[PDB]
Amino acid sequence: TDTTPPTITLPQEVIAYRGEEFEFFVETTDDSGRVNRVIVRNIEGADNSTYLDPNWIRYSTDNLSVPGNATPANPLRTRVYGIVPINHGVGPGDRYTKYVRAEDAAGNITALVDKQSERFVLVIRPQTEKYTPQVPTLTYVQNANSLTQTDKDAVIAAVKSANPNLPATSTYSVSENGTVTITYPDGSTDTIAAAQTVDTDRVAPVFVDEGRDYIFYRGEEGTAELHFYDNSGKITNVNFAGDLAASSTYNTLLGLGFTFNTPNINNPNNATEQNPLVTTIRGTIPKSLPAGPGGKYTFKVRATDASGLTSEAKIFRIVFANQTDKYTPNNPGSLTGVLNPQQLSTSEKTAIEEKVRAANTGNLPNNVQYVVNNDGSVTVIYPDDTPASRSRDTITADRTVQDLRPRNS
Ligand SMILES: CC(=O)N[C@@H]1[C@@H](O[C@@H]2O[C@H](CO)[C@H](O)[C@H](O[C@]3(C(=O)O)C[C@H](O)[C@@H](NC(C)=O)[C@H]([C@H](O)[C@H](O)CO)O3)[C@H]2O)[C@@H](O)[C@@H](CO)O[C@@H]1O
Ligand SMILES: CC(=O)N[C@@H]1[C@@H](O[C@@H]2O[C@H](CO)[C@H](O)[C@H](O[C@]3(C(=O)O)C[C@H](O)[C@@H](NC(C)=O)[C@H]([C@H](O)[C@H](O)CO)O3)[C@H]2O)[C@@H](O)[C@@H](CO)O[C@@H]1O
Ligand SMILES: [Ca+2]
Ligand SMILES: [Ca+2]
Ligand SMILES: [Ca+2]
Ligand SMILES: [Ca+2]
């Protein structure tokens, strides 16, 4: 008959964190295939004892005392689980050696032998041994020895952002110099040193487009996109009117009807090199301003970061261009026969103008003017043309006129 007790397989050590749920499994088999009892108990007590302390160590075994419940293929599974109290000690003696016994249906029970038979040690550790926080992105501040509440909130946010797997019940404290204390729910802590959380902001924002000339064609609306970034990733102000000369130029452009829009100025993380802050300048230089050496506005812009560092005044320009600088007429698809190449008739001029018109729809402005000259060359006058800033193209008479005079006999 069966004289062999069941075989019990279980972890020798189970680390359980203070405050948290723990669970592990004990596996029991027997050659009979049936196990009738699995017991977790204190060493103390008579052979029949099932007294077990602490009260929060719990166990359960589904399928007890069922034929076929304890085979090698399908071992009997006993769950050992509980919640460690939040105020349990985590000292070296905060451990429990408890004994697991099993009995088959023939009554064979595993022997209970102090420090030798089947047992586990449940070891209670602080939550900080489970969690290792990651360093945040550096927060750049005006004074790393005296953080503002805004600085501290930013460090906490950057620590929480880099630590999505820490307990949600974890609290964060930032000291005057940026040292971060993370307090887990059991009162254990981690520290992130100030060197890994904050540094002094010593670099003013950068105007990426310093020195750039933005071309605006007279009489056509244009835009200029200006880009800024800071080492902190944040700009708080862009200032085109930092002194009298700058202000004058700025207000002159406003006077022409331009707009300046920097929509992300109040957003966080609005100004990195990869994703810079963008100021868009939109407007039209009217034709009443001529192009030429003086046909320009030289601006000065400054940008300030959240620590109060303001860049030097940095130059960019708007430079005016005539429309002829961006348009090139297409020649007519055929020449027009002329009886007298030195003096076209009205009908010949009309025919040329029509061919030049047809060749240029979709290319030149719809409000260009064509003047067919007496020799059949065509003056193209763009709508920004003025006496002070002529804006024109010429199509030569070899591209428009074909002499029809016969050849001698
Ligand atoms: C009460 C007594 O003297 N009993 C002895 C008995 O001693 C127990 O033997 C166990 C091993 O079989 C352990 O060595 C027990 O020590 C520990 C443990 O379980 O590891 C030490 C831990 O530090 C302690 N944990 C805490 C938080 O204090 C636990 C705990 O007090 C108990 O597990 C109760 O939950 O105990 C040791 O106490 C053994 O020596 C037998 C031999 O026959 O004689 C008496 O029964
Ligand atoms: C208008 C004025 O006299 N402002 C002076 C200021 O002198 C200005 O300083 C600017 C640099 O910050 C430019 O050098 C200004 O010159 C230009 C320019 O912007 O490039 C010359 C251009 O030809 C002119 N454009 C047109 C279409 O006439 C512009 C334009 O007049 C201005 O930008 C409008 O404000 O100006 C230069 O004039 C400087 O001298 C300060 C010192 O306190 O005093 C006034 O603000
Ligand atoms: Ca057996
Ligand atoms: Ca830790
Ligand atoms: Ca900065
Ligand atoms: Ca042209």
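Between region 56-87 and region 208-250, what is the C-alpha centre distance in whole Å? Going from one Cα centre to the other spans 71 Å. Round to the nearest 0.05 the FRET efficiency obtained for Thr280 and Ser247 when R0 = 25 Å and r is the Cβ-Cβ distance. The calculated FRET efficiency here is 0.80. Please label the shape of the chain as rounded, prolate or oblate, based on the square roots a ≥ b ≥ c of the eigenvalues of the alpha-carbon gyration tensor (a/c under 1.5 means rounded; beyond that, a/b larger than b/c means prolate, else oblate). Oblate shape, in that a/c is at least 1.5 and b/c is the bigger or equal ratio.
Here r is the Cβ-Cβ distance between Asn408 and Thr298 and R0 is 56 Å; the resulting FRET efficiency, rounded to 0.05, is 0.30.
For region 162-220, rounded, prolate or oblate, judged on the Cα gyration tensor with a ≥ b ≥ c (square roots of eigenvalues), a/c < 1.5 rounded, else prolate if a/b > b/c?
Details: a/c = 6.21, a/b = 2.84, b/c = 2.19.
Taking the square roots of the gyration eigenvalues as a ≥ b ≥ c, region 162-220 is prolate.
Bridging of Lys115 to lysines at a Cα separation below 16 Å is possible for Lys98, once same-chain residues fewer than 8 apart are set aside.
PRE reach from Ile215 (point 7 Å along Cα→Cβ): which of region 353-371 fall under 18 Å by backbone N? Within reach of a label on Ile215: 363-365. For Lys160, the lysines whose Cα comes closer than 27 Å to its Cα, not counting residues fewer than 8 places off in the same chain, are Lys130, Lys152, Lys234. With Cα atoms as the point set, region 13-129 shows a radius of gyration and Dmax of 15.1, 47 Å.
Remark: spin-label model distance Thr361-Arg95 equals 9.4 nm, labels positioned 7 Å along the Cα→Cβ axis. The alpha carbon centroids of region 255-334 and region 138-198 are separated by 41 Å. Using the Cβ-Cβ distance between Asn267 and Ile109 with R0 = 51 Å, the FRET efficiency computed as 1/(1 + (r/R0)^6) comes to roughly 0.15.
By the rule of a C-alpha distance below 18 Å, with chain neighbours fewer than 8 residues away ignored, the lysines paired with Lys296 are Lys287, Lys314, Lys326. In plain terms, the residue of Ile192, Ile315 with the fewest other Cβ atoms within 10 Å comes first and the most crowded comes last, giving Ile315, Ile192. Normalising the average separation of contacting C-alpha pairs (under 8 angstrom, six or more residues apart) by the number of residues puts the relative contact order of the chain at 11 percent. Packing-based ranking of 5-11, 35-41 yields 35-41, 5-11, ordered from highest to lowest mean Cβ neighbour count within 10 Å. Taking 0.36 nm per residue of sequence separation and subtracting the Cα-Cα distance, how much length would be gained by fully extending the chain between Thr394 and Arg58, in nm to one decimal? My answer for the length gained is 111.2 nm.
The numbers here are math on the coordinates, done by the rules we state, and not lab data. Cβ: placed from backbone, ideal geometry, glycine included. Neighbour counts: every protein chain shown.
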